[PDB]
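Heads up, the chain below is alone and in the form deposited in one PDB entry; it's given as structure tokens.
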């Protein structure tokens, strides 16, 4: 998964991530709520001024920067409720025996001259019995309490500038200078409750993400080494720690994220700074109105170009990256997977195709994951390999080719092929999967898409049904198939070639002399070629399969399988066990009985 941390599992990394995000959002007290809400209603073009109005004054359903407006919701109380729902309660100055500054909200303030506009939240997670199980440390990014926002932000900006232009270790030392004493008190509080370093989660966004990385850098040597084994997840940090301790998360089109190299100002800092970084998720795109706009991007991409900071908004981090977490494709992803998160305004969503424009970024490689909104989206896959997720709402998909998984989700979803129905083959396994094979052999596996649109010289809409694609009474037939059951089946192909669908269970698929398409499905399947030019398709947790009679003109296709790193080919996954080539993908495998590994070519083995 993209947010895998240390040696924690997929699940435990996700739980850690969701908490780091919750506490990160809490630290800003919904300051960007009005901005996020303005943007969602108005967009970033024409309506940019209306968006900015709401950033300042909010409206009937959001609070901007300005406090005390009667018709605004109490966003700060919503922020507190939200962090509590996630399991977190602010630890008071008095619980910690802390003698520095807090405000009326329990926020901690930086301790030394030059650091007094620093903010941190210290939070506790408590079990059913009311015992402390976890501590959250959430450093605030640039900005402060609504009461003193301008003055506090000026202080923060000086700190921001010093990270780039000040003493060499200025970023590294920031948490040491700002909260050295506070953190000694946190160590005593943790010890007193039977906790150690491993029970502490450290997070924050932007300047707060800089602080995450500062704390990691100081953790070996300061506070008695107590925090050395803590959990550090930083959002949109300009810096990266010298250590291996920090998961540096952000959007690649956020100009704050990785602006510095790990603390160094370079020529790239004021432009595109998208070089691969070991600690960082390098390829997550916020597909927002700015990113989509041809006119916006006639201007140079730069932290100095203020409208580019739309991709920096903490609500867009929380909302879009939570949908990554929730994705049916999540466990296919790793740290540097290309993921395009649908983050369009309401007006832009109506007429803009979410797609990998690869704008202002180094060239994307490997498969692409595109994550929709819970509203009606237009999602456009590339000509390489795509995982398209609609989520809720009536979604429309296009895709330029290759090997794809298209999940409609809830709603009435539509796949627009933009070409004649005669240039495709269709197959259906009777268990919710519609297979679409294009004129070049590329296969899409689709679920929850009930309508196919084609061009017939010009748009024609086909209903996806059990007997074929239907335009009223008119049927485009599915390719010849033998459907199994979720029981163990023996299925035999006709000499003309068939699609063979195992479904669950350990199945025996017997190909014939024709061109068959084998889909063993879940369970450990035995699949025999029988001759011809055959395709074997593996998707999801496909089991341990054996393929008999695989030859030179046969194709393996791996799609939606575990452990595929961006751009992996078959050699990353192939070995010889006895006289057989084995291809392994997570816990799943294909055994090509009697096939020498040196006989295989990438044109015969599709890895997506």
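Residue numbers count along the first chain shown, from 1. Shifts are known only where both forms have a C-alpha. Take the two forms, find the largest set of C-alpha atoms that superpose within 1.5 Å, and that set is the rigid core.
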Chain break class at residue 457/residue 458 - deposited residues not modelled
4 to 9
Higher mean Cα B-factor in the deposited model: 95 to 103 or 391 to 399?
95 to 103
The stretch carrying the higher mean Cα B factor in the deposited entry, 132 to 140 or 265 to 273, is 132 to 140
Sort 30, 62, 567, 539 by C-alpha B-factor from the entry and give me just the highest.
567
With respect to the C-alpha temperature factors reported in the PDB entry, which of 188, 211, 157, 342 ranks highest?
188
Within-chain third of residue 424 by Cα B-factor, per the entry
middle
Determine, from the deposited record, the chain-internal third of the Cα B-factor for residue 2: lowest, middle or highest.
lowest
Using the B-factor values recorded in the entry, state whether the Cα atom of residue 294 falls in the lowest, middle or highest third among the modelled residues of its chain.
middle
Using only modelled residues of the chain, where does the Cα B factor of residue 38 rank: lowest third, middle third or highest third?
lowest
Which third of the chain does residue 381 land in by C-alpha B-factor: lowest, middle or highest?
lowest
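Unshown form deposited in another entry; subsequent notes refer to it.
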Among 533, 270, 431, 162, the C-alpha that moves by 2 angstroms or more between this form and the one not shown, rigid core fixed, is that of 162
Once both forms sit on the same rigid core, is the C-alpha displacement of residue 48 at or above 2 Å between this form and the one not shown?
yes
Is the C-alpha displacement of residue 148 equal to or greater than 2 Å between this form and the one not shown once the rigid core has been superposed?
yes
Exceeds or equals 2 Å, Cα of residue 67 between this form and the one not shown, core fit
yes
Out of closer and farther, which fits the Cα atoms of residue 253 and residue 57 in the other entry compared with this form, where the change is 3 Å or more?
closer
Do residue 160 and residue 232 have their C-alpha atoms closer or farther apart in the other entry than here, with the shift being 3 angstroms or more?
farther
After core alignment, residue runs (3 or more) whose Cα moves 2 Å or more between this form and the one not shown:
45 to 73, 141 to 160, 162 to 168
